[PDB]
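Only one chain is included here, represented as structure tokens and corresponding to the form deposited in one PDB entry.
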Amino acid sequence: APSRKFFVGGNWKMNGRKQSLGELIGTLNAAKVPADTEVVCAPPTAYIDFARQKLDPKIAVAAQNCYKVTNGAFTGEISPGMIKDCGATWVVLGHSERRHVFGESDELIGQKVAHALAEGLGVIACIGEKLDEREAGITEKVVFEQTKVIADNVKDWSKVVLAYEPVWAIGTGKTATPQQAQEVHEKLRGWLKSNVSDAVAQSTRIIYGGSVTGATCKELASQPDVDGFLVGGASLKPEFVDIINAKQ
């Protein structure tokens, strides 16, 4: 009985300013999210406070990243305590952009996860295999190694959700279908049940982090092992509300 509460995150990435963002917050603030869905918004780092202040207490705020120490000589970086200090209760970790564009390693990612969590912050842990990894059929290998690192650094799965990112269908000329989406979420839940525990795997939300719009959210949402989304571009528009109601 997968009573997993639908999870819908909105990764604005590096987009928006007070104006467009405040305007965005206005739409969701005036929107009516299903009492059965959990909605989170990940604003640009400079607008985490702005967003949380303007954001309706019903919606949680999430950082798009953080470091592995409470304080230190790390110009440009922020710690989970600040993220908490700003009212944000979540942190996106391991986003494909952070791993690839910025080269963040699993080791460092594993350390931010353990720290973020120790700091009492929720954690949206992102995984996903690149195009070549997909072309080889190493999807399982790749995604299990990343999840494992996340699991070894997670002593409590209540504060975490998994987001699978089909980086292989991101600007590559390959398209990811909802079936192959489920296929992956399946193995990931299978990895948990087997490597963690039956309960954890049954409660842990595994959200889809691939191309999601109000037009395709219904299909993807109907998938058994897909209990949520981590929306990118669409999280900047009114359509985000439609995605908030995909499971419905």
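Numbers for residues come from their place in the sequence shown, where the first is 1.
Of the two segments examined, 41-49 and 54-62, it is 54-62 that shows the higher average Cα temperature factor in the deposited entry. Of the two segments, 167-175 and 98-106, the one listed with the higher mean B-factor is 167-175 (C-alpha atoms only). Looking at the C-alpha B-factors along this chain, the one for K148 belongs to the lowest third. Looking at the C-alpha B-factors along this chain, the one for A35 belongs to the highest third. Per the PDB record, residue ranking by Cα B-factor puts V231 in the middle third of the chain.
When the modelled residues of the chain are ordered by their C-alpha B factor, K155 lands in the highest third. In the deposited entry, the Cα temperature factor of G26 places it in the middle third of its chain's modelled residues.
As for the form deposited with a small molecule bound, it is not shown, yet the points below apply to it.
The three residues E97, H100 and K130 all sit with a heavy atom within 4.5 Å of the small molecule in the deposited complex. In the deposited complex, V167 approaches the small molecule with a heavy atom inside 4.5 Å.
Comparing 143-151, 100-108, 114-122, 82-90 against the small molecule in the deposited complex, the single stretch with non-hydrogen atoms within 4.5 angstroms of it is 100-108.
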